[PDB]
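# Per-entry structural report
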Amino acid sequence: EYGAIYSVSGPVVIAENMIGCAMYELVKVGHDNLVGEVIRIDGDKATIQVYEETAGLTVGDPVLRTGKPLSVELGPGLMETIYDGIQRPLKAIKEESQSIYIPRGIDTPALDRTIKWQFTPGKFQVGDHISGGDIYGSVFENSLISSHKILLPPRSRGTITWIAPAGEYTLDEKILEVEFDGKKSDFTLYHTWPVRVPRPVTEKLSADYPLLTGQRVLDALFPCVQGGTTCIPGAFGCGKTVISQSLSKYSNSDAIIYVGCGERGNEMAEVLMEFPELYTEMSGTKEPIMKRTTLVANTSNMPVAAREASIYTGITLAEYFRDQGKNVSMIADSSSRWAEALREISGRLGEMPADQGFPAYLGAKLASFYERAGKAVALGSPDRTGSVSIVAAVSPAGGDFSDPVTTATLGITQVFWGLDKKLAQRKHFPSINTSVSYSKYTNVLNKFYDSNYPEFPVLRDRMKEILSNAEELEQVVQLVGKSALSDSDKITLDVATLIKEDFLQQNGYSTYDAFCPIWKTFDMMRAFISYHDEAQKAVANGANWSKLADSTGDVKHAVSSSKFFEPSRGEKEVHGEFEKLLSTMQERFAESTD
Amino acid sequence: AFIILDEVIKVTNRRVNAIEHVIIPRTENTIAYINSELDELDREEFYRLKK
Amino acid sequence: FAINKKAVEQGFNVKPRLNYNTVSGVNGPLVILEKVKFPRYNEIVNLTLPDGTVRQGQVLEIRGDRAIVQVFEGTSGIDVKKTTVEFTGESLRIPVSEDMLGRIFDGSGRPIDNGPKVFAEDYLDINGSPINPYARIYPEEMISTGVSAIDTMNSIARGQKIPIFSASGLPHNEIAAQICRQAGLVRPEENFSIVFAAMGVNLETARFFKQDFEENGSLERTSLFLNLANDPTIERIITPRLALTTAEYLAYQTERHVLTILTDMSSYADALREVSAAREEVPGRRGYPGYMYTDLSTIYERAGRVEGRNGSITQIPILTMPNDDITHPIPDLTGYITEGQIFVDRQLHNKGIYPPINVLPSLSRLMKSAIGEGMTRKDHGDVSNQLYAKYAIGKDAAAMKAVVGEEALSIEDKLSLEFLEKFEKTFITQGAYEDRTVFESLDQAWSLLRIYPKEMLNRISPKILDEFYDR
């Protein structure tokens, strides 16, 4: 029933006596049980792909069959875990081996098989008809998340003849007996799923609810809807780590799945050392972020197939967590590396190249992968709802954006947050080049603004035109100097500078400017536009703007200092203070005109 | 001196504008075309070797 | 301590060795046995030609009862009637002992210092398993190269991987020799060691390396793996694996801060293209194999500090761009895998500047973790930026000098013009045997900075300006 090796060639192996094997089964080739997958079947012999190094193999070694394609186990215990590209626990492996290597031919359960979990029955009873995707019990996973639900895997129906009652169990105790034509069906606290097949869902919806990150510029001018895609350039000096950290700590999501898809290694060490120290404070300083995140690490040494399947694994995990009714936020690291791995695999298979040497799959693969994102209502009885929002990170070949990867990604995604290094030295620490970055979810977000903040769109637009006008104005200012410019032009210029240095720039470490909520930013841009338009109106009827600036230097300083105002104090008393400041500015301008 | 400076600056400014607005686009389009052709050749060479 | 039980268990067990005479065809650098029994991929074999000469090889493929051996030292003189092929029964292994230091090894690891055998303390598989990422940490402290233009502006934190790009006809080898000779830690040594593996080099360069390392005493801190140009290519691809394996053993089983150098990778790329042509894998981009990314990653990414052990490791691969273009695949991949790069300009070399390094394109991403207090003085990070900015300004100032005279230039422009020449002629220009500590280089940089008025050095913090600008 086993298979004897018949040939070997680097990473290529040919089995024998293989009858009754699918085209993508998994096989435990070798005495050490190296993992592999069948590719081509020709009668009895079948080509096999290996992951580890094949040195030392010998003809006649038995070959086994797993019985499924590449799959990932899902269940309680994912949180606080650090995984390889192919669902391999690294902490447990290191502890078990006591070495500092990944000893080839090592197999340990993806999830711990010893920790006892306290299960609580759901809402069904014996003899009740059931359908796939229906919740039938919860589990307390952490103080942060305590409602880790238990589903019935899709493609499974029937009636339940026995359900275990409350108690404490491990992951190897059948807690349900679904009866069908064959009553063989048993179920435990976990199950598996092929990675390459998208999870079934009742129906997709239209994402409209905004995703707020806590930054000012992001949600002010280039918002991302909670459920959509986005892209940000990958550079060394840009310092994207700030964006990822802020998204992890201050966003309104409920589960983060960071994916390292091939890095220099040392960067992986840095991020792994850093994450367990980031702290969030909601209803008290809930110490870790690891209690809300699972991380997939893939250094360059990792096997090519593992380095390639990383994003598929991550997105599958995200979809699983979405179907529980929670909100998820995937974050890739370098899609360029994933494309590199895909091209390397294609080349090793010896297939026809395409544009710039890449294969022909890239377009379709990326399109499908991105389409896997979105917002939908889960598949089950309770009718919960979730959402997924991928955040890609494209790195170029050598800076140029002519590569197919960048073109396809930009064509697919909807939001781009351009980062510039030049701002780094000037320390606009949120280093967003406002002349390039853009968003396309405004048309939907207006249907939320009107319900909550009707004036937001006109204000954000107004500052968009203000910034464009100021940057254009400076061009001719250099040519002819400010001398030949009217007072209105100088007003535009200086208000643009004030906005640049207050509204956009953000320390990110001060207790007050670390995390700016929505209403606070609402008040800020309202106040800034009011100041500018009131000043220009006052100048319109006739007045030397120099004298006006001399009179209202205090008002300008007050509006600037309003940014230093500490939020998290009343969250409506702040609104009262902002109203007081606005009225004070109005009456000060009125008196100044006199 | 005023007349000479005026004419000199006019000439140099127009020359700079002409260079920027004509030469660089013309040469970089050719760069892209050459890159495309040299990428094309290897494709058929690889096909032949594969055959 | 129980390692003795394992050593004896697999130690005192002799096994026989087959011997074949069924050579049944040959194709260039290959050889095709016919009726092998239970072959084993990637074995080691010892051919015996009819004249009594002896060679070696390593299988590549196995059909049903067949092997395809490739011989290291060519294939001429073999025969299909009298040659006898002897199998080994286990892959290539290296003899490892603490006392490599001082000795010189050939490409395959046979000592060539006219000394006794290694007296191995153990045996190992050359290509070990990858490091577990979860058990890895960040660089922290600095390594003292002794070169002014490197340490001051491109410090190397232990655990980094900084390649040194260079052109064909440049003195990169001399720079590498000087670096290996002057390396060491910083004391604001009983823990330092170097591995210096050279692949694909002339005879003159090898002799110069040996003679210089002999009479300069550095030999007993190093262990060279020389491989001349006329030696088999397979041995070439093998050599870096041996060097990395021995360095890893030392670092992570004796807790020694070690530094490794390679002195070339283009010739490694050539040796690699040669393989997969013996096989029928069609050529990839620019003729190179497509899958070089994986194996180059394997070579490089056995570096960095480790969680538990106190040891460490560092790499300085040396490339050679064919026609001085970064677009070539080799430098592209190396930059992709490694952190920052060090350039070597041709023009500076033409002007007699040694080491002919240009700093404008240079970069080291882990600097920020290298400099600091205790680990070094407090003013390194500011002087670095200041000097970089002023050099960049001086270049363009010299450019404009020819077009707009000299008087129209601002006072800043004249000062920068003078500073550029002074910097080039004094700071970077370092004697072949002039060794400088980081402190001395910092002092010289301060001396050069003293050209400008105190106020104008904007990028430097006022605190440092007040503290050190005096005198």
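Within each chain the first residue of the written sequence is number 1 and the count goes on from 1 in that order, possibly differing from the entry; residues lacking coordinates are omitted. By the order in which they are written, chains take letters starting at A while ligands take numbers starting at 1. Shown here: chains from a larger assembly, with each value referring to the shown part only. Hydrogens are left out, water is left out, and the side-chain values use all remaining heavy atoms of the structure.

Per the PDB record, the structure was determined using cryo-EM to 3.8 Å resolution.

## Focus on the overall build of chain B
Secondary structure counts use DSSP, requiring at least four H or I residues in a row for a helix and at least two E residues in a row for a strand, with both numbered from the N terminus. Across its full length, chain B carries 1 helix and 0 strands. Taking the principal axes of its C-alpha atoms as reference, chain B extends roughly 75 × 10 × 5 Å. Under the scheme applied here, a residue whose accessible area is under 20% of the maximum for its type counts as buried, over 50% as exposed, and between as partly exposed, the area being computed with a 1.4 Å probe on protein chains only. Out of the 51 residues belonging to chain B, those deemed buried represent 2%. Per-residue and other accessible areas were derived by the Shrake-Rupley procedure at a 1.4 Å probe size, with only the shown protein chains allowed to occlude residues. Accessible surface for chain B amounts to roughly 4,800 Å². Of this, 64% is attributable to carbon and sulfur atoms. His residues and chain termini do not enter the charge count, which takes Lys and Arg as positive and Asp and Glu as negative. Where a charge lies is defined by one atom per residue type: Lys uses NZ, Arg uses CZ, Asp uses CG and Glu uses CD. Where the 8 positive side-chain charges of chain B centre and where its 10 negative ones centre are 3 Å apart.

## Regarding the overall build of chain A
Of the regular secondary structure elements, chain A holds 17 helices and 25 strands. Within chain A, the proportion of its 594 residues that are buried is 52%. Contacts are assigned to residue pairs that have any heavy atoms within 4.5 Å of one another. A fraction of 68% describes how many contacts in chain A between residues 6 or more apart in sequence connect residues 24 or more apart. Of the roughly 26,200 Å² that chain A leaves accessible, carbon and sulfur atoms contribute 55%. Charged side chains in chain A number 60 positive and 77 negative. The centres of these two groups are separated by 1 Å.

## Regarding the sheet that holds strand β18 (residues 203–205) of chain A
Residue and element names in this part refer to chain A. If you walk across this open sheet you meet the 3 strands as β18-β24-β25, and the pairing is antiparallel. The strands lining the two open edges of the sheet, one partner per strand, are β18 and β25 (385–388). Neighbouring strand axes in the sheet, compared pairwise and without regard to direction, differ in orientation by 35° on average. Between N-to-C directions, angles cover 0 to 180 degrees, with each direction set by a line fitted to C-alpha atoms, over the stretch in contact for helices. Helix-sheet contacts for helix α6 (residues 310–323) involve β18 and β25, and the interaxial angle to β25 is about 155°. Note: two strands are recorded as paired if DSSP finds a minimum of 2 bridges between them.

## Digging into the nonpolar core
Grouped together as the largest cluster of nonpolar side chains are 56 residues, with contacts concentrated most on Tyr136(A), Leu176(A) and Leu189(A). Sorting elements by how many residues they give to this core places α6(A) first, with 7 residues. Each of domain 2 (71–114 + 188–439) and domain 3 (115–187) of chain A gives at least three residues to this core. We define a nonpolar core as any set of buried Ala, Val, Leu, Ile, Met, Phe, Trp, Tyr and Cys residues linked to one another through side-chain atoms lying within 4.5 Å. One finds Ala183(C), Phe419(C), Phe423(C) and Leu449(C) within the second-largest nonpolar core, a separate group that totals 54 residues. Where each domain begins and ends is defined by an automated method or by a domain database.

## Thoughts on the pairing of strand β10 (residues 117–121) of chain A
Consecutive residues of a regular strand have side chains that alternate between opposite faces of the sheet. When β10(A) meets strand β15 (residues 167–169) of chain A, the two strands line up antiparallel, connected through 3 bridges. Counted as the bridge partner of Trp117(A) is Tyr169(A) from β15(A).

## Quick look at the domain arrangement of chain A
Taken domain by domain, chain A holds domain 1 (1–70), domain 2 (71–114 + 188–439), domain 3 (115–187) and domain 4 (440–594). Using only C-alpha atoms to locate each centre, domain 3 of chain A and domain 4 of chain A end up separated by 56 Å.

## Remarks on helix α7 (residues 292–300) of chain C
Of all the 9 residues making up α7(C), 7 are buried; the element is thus mostly covered by neighbouring parts of the structure. Among the residues making up α7(C), those that are buried are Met292(C), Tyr293(C), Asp295(C), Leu296(C), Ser297(C), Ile299(C) and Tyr300(C).

## Considerations on the interface of chain B and chain A
Contact residues are listed per partner, giving 4 residues for chain B and 7 residues for chain A. Both faces considered, chain B and chain A share a buried interface measuring about 370 Å² in area, 66% of it formed by carbon and sulfur atoms. On the chain B side of the contact with chain A, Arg43(B), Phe46(B) and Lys50(B) bury the most area, a combined 85% of that side's loss. Salt bridge, as used here: a side-chain nitrogen of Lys or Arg that lies within 4 Å of a carboxyl oxygen of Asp or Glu. Viewed at the interface, chain A and chain B are joined by 0 salt bridges. Polar contact criterion, stated in full: a pair of N or O atoms within 3.5 Å, where within protein one must be able to donate a hydrogen and the other to accept it, and residues adjacent in sequence count only if both atoms are side-chain atoms. For the interface between chain B and chain A, the tally reads 2 residue pairs in polar contact. Under the scheme applied, nonpolar residues are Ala, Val, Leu, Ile, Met, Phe, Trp, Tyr, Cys and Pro; charged residues are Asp, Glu, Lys and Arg; polar residues are all the others, including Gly. Across the side of chain B that touches chain A, the residue classes tally to 2 nonpolar, no polar and 2 charged. We define buried area as the total accessible area lost by two parts upon association, computed with a 1.4 Å probe and summed across both.

## Some words on the environment of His148(A)
Residue and element names in this part refer to chain A. Its location among the elements puts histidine 148 in strand β13 (residues 148–149). By relative accessible area, which is 2% here, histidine 148 ends up buried. Separated by 175 residues in sequence, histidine 148 and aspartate 323 have C-alpha atoms that sit 11 Å apart. Discounting residues that sit within four places of it in the chain, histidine 148 has contacts with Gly75, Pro76, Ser138, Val139, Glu141, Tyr320, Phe321 and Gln324. A polar side-chain atom of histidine 148 sits 3.2 Å from a polar atom in the side chain of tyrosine 320.

## Comments concerning the packing of helix α10 (residues 380–401) of chain C against helix α11 (residues 411–428) of chain C
Residue and element names in this part refer to chain C. α11 packs onto α10 with a crossing angle of 110° between their chain directions and a minimal axis gap of 8 Å. The angle between α10 and α11 places the two elements in the roughly perpendicular class. Only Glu412, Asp413, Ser416, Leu417, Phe419, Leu420, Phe423 and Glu424 of α11 make contact with α10, whose side of the interface consists of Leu387, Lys390, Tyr391, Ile393, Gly394, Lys395, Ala397, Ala398 and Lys401. Here the contact of α10 with α11 is built from residues that sort into 9 nonpolar, 2 polar and 6 charged. Angle categories are assigned with fixed cut-offs, so that under 35 degrees is roughly parallel, over 145 is roughly antiparallel, 65 to 115 is roughly perpendicular, and the rest are oblique.

## A few points about the packing of aromatic side chains
Each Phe, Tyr or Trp ring, with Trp reduced to its six-membered ring, pairs with another whose centre is within 6.5 Å; inter-plane angles below 30 degrees give stacked pairs, above 60 give edge-to-face pairs, and intermediate values give tilted ones. Going through the model one piece at a time under the given rule, you end up with 28 aromatic pairs over all chains. With a centroid separation of 6.4 Å and 70° between ring planes, the pair formed by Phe565(A) and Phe578(A) is classed as edge-to-face. Of the two residues, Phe565(A) sits in the loop between α16 (553–562) and α17 (573–593) while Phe578(A) sits in helix α17, which places them 13 residues apart along the sequence. Taking relative accessible area as the criterion, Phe578(A) reaches 4% and is therefore assigned buried. For the pair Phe165(C) and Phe343(C), a centre-to-centre distance of 5.5 Å together with 85° between the ring planes defines the contact as edge-to-face. Like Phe165(C), the residue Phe343(C) is buried in the burial classification. Charges are assigned to positions over rings by a cutoff of 6 Å between ring centre and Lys NZ or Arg CZ, combined with an angular limit of 35 degrees from the ring normal. Between the NZ or CZ atom of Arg216(A) and the centre of the ring of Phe503(A), over which it lies, the distance is 5.9 Å. Between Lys563(A) and the ring centre of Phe564(A), over which it is positioned, the NZ or CZ distance is 4.3 Å.

## Structural notes on the sheet that holds β13(A)
Strand order in the open sheet formed by 4 strands is β13-β12-β10-β15 (chain A), and the pairing between neighbours is antiparallel. With one partner strand each, in any of the chains shown, β13 and β15 of chain A form the two edges of the open sheet.

## Here we look at the interface of chain C and chain A
With 43 residues of chain C in contact, the opposing surface of chain A contributes 42 residues. Interface area for chain C against chain A, summed over the two sides, is near 4,400 Å², with a carbon-plus-sulfur share of 53%. Applying the counting criterion to the chain C and chain A interface returns 0 salt bridges. At the junction of chain C and chain A, the tally comes to 22 residue pairs in polar contact. Of all the secondary-structure elements, those providing two or more residues to the side of chain C that touches chain A are α5 (233–254), α7 and α8 (329–337) of chain C. Taken together, the residues of the side of chain C that touches chain A sort by class into 19 nonpolar, 11 polar and 13 charged.

## Let's talk about the state of the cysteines
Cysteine sulfur atoms are paired as a disulfide whenever they come within 2.5 Å of each other. Inspection of the entire model under this criterion finds 0 disulfides over all chains. The closest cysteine sulfur to the non-disulfide-bonded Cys261(A) is located on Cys231(A), 14 Å from its own sulfur.

## Examining the side chain of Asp523(A)
For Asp523(A), the position within the fold is in helix α14 (residues 518–540). Once residues lying within four places of it in the same chain are set aside, the contact partners of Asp523(A) are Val574(A), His575(A) and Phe578(A).

## Structural notes on the environment of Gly169(C)
All names here are of chain C. Positionally, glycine 169 belongs in the loop between β10 (156–157) and α3 (172–182). The exposure class assigned to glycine 169 is partly exposed, which follows from its relative accessible area of 48%. In contact with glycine 169, not counting residues within four places along its chain, are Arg346 and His349.

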